[PDB]
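A short write-up of the structure that comes next.
A, B, ... follow the sequence lines: proteins, then strands. Residue 1 opens every chain. Note: hydrogens, waters and symmetry copies are ignored here, and every other heavy atom, side chains too, is used.
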Amino acid sequence: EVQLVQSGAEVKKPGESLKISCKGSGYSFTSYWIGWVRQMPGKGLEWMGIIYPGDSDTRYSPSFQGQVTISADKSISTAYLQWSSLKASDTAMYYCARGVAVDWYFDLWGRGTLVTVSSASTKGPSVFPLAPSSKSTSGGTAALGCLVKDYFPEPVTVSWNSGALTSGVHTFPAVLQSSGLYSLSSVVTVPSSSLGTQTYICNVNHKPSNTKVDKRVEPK
Amino acid sequence: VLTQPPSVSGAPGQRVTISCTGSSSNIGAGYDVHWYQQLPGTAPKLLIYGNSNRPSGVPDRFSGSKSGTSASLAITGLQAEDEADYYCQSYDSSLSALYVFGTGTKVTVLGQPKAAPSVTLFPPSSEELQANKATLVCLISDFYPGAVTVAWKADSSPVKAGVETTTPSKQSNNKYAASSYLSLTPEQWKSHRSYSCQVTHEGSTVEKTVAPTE
């Protein structure tokens, strides 16, 4: 299948350099242009530039000219986006996309690379029980959860009972606090009957910090 | 440079159209207009190329057209899968911009009955208090439409400092859920008799309360 493969998520502090990559797969890399598109959190698509791998003819958007360097290594079917000095406001998803010339549209998109730029350093979460009680019980179903506090960077994933509990689960998006650290909650609705008999463990995975936490959540 | 409606909405089976308005230097210049669809949590994908043509795999219910300085996408027979963001794109001679992207449009499929939120307020765990922190967690679930207001109270008095709240997003059952957090010091937690999370949704209000003495 024709595919644009992008390098993984980056976490960087302001001032650091970064080069990310986009490898064409399943087609002749020189037969198309390759463009870069930025999408900042919650905002729209912005075209950054485009490059022909055949001769490295590069064209930049007026907004990004002199702010980034696009290059390509056609021997290994790879185009690059680099920064010499990252800003916090470079936090974004960056898409590689394959262009068709003259028409100038993008027919094939990479999955994107997330770049997080912050003065924060990687930190794994504290996990606290959101314990069930009469206050979270109504009519035989009860809510319990776990609070995933003060991690960086994003993402954490959360499962329940190592995946065996999937019905009723909702894991919310994260909050970014003024510390620069993220927090989220995962919740599940279970039967009240089970609180004394069924054990409930949330499994909190924070790959960026190489941290996994299991926390059994019990009635108060 | 390319202005779109920030939001379009419709019931399943209905027809909706998304507008893309440019100046004389881009769409008005006869340059082609292309459209991309971005489902939640996915990369964009090409939806319409050459004003009107459709890549293979794109349903017939998706249609494009151009008229003067504007263009428009048409979805006919909206279903639930079409809830996404849509971006138009073209080229502008003056700005030296091979690609100019539209402002974007969220399309929501309004085929769903109103649902009143379920609110759950958790006090700080004694574990976190031992860490010298106190976070109250107010979880709002199973609601539609997706607009909610959340207000926090300490002994009936508004508290706005130290509140963080997530924008509603959909649960697996296509209803909405949102969360709010109140971050206190242990001393603030214990210096009040109660704390409340107050959730307003379509005129109705739900107030959950916790107390340190519990």
Exercise. If you measure from the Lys or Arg side-chain nitrogens to the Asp or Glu carboxylate oxygens, is any gap between A/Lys12 and A/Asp90 under 4.0 Å?
Worked result: no
Exercise. Any side-chain donor paired with an acceptor under 3.5 Å for A/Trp160 and A/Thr166?
Worked result: no
Problem set entry | Closest non-hydrogen atom pair, B/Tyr144 against B/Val109 | OH-O, 4.4 Å
Exercise. Hey, are B/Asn26 and B/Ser90 close enough side-chain-wise for a donor-acceptor pair under 3.5 Å?
Worked result: no
Problem set entry | Donor-acceptor pair, side chain of B/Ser196 and main chain of B/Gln198, under 3.5 angstrom | no
Exercise. Any salt bridge between B/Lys170 and B/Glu83, counting N to O under 4.0 Å?
Worked result: yes
For this session: Determine the sole option in A/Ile50, A/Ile34, A/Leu45, A/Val100 for which the side chain to side chain contact (heavy atoms under 4.5 Å, CB included) test with A/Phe106 is passed.
Result: A/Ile50
For this session: Just grab all the disulfide bond (SG atoms under 2.5 Å apart) pairs involving residues 119-166 of chain A, residues at least two apart or on different chains.
Result: A/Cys146-A/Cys202
Problem set entry | Ion pair check, A/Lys220 and B/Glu214, cut-off under 4.0 Å | no
For this session: Please test A/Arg98 against A/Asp107 for salt bridge (charged side-chain N to carboxylate O under 4.0 Å, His left out), starting from the C-alpha separation and ending with a verdict.
Result: CA-CA 6 Å; A/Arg98 176 174 98 181; A/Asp107 68 345; 2.8 Å; yes
Exercise. Would A/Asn203 and A/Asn161 count as having a side-chain donor-acceptor pair, cut-off 3.5 Å?
Worked result: no
Problem set entry | Backbone of B/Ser194 reached by a side-chain donor or acceptor of B/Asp155 within 3.5 Å | yes
Exercise. Would you say the side chains of B/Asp85 and B/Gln37 form a donor-acceptor pair under 3.5 Å?
Worked result: no
For this session: To the nearest 0.5 angstrom, please state how far the OG atom of A/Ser159 sits from the CG atom of A/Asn205.
Result: 6.0 Å
Exercise. Is any side-chain heavy atom of A/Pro41 closer than 4.5 Å to a side-chain heavy atom of A/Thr91?
Worked result: yes
For this session: Could you tell me which non-hydrogen atom of A/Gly112 sits nearest to which non-hydrogen atom of A/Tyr95, and how far apart they are?
Result: CA-CD2, 3.4 Å
Exercise. Please walk me through it: do B/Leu2 and B/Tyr87 pass side chain to side chain contact (heavy atoms under 4.5 Å, CB included)?
Worked result: CA-CA 9 Å; B/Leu2 287 181; B/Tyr87 296 93; over 6 Å; no
For this session: Taking atom types as modelled, find out whether A/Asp150 and A/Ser126 have a side-chain donor-acceptor pair closer than 3.5 angstrom.
Result: no
For this session: May I ask you to say whether B/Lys133 pairs ionically with B/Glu128, meaning some side-chain N is under 4.0 Å from a carboxylate O?
Result: no
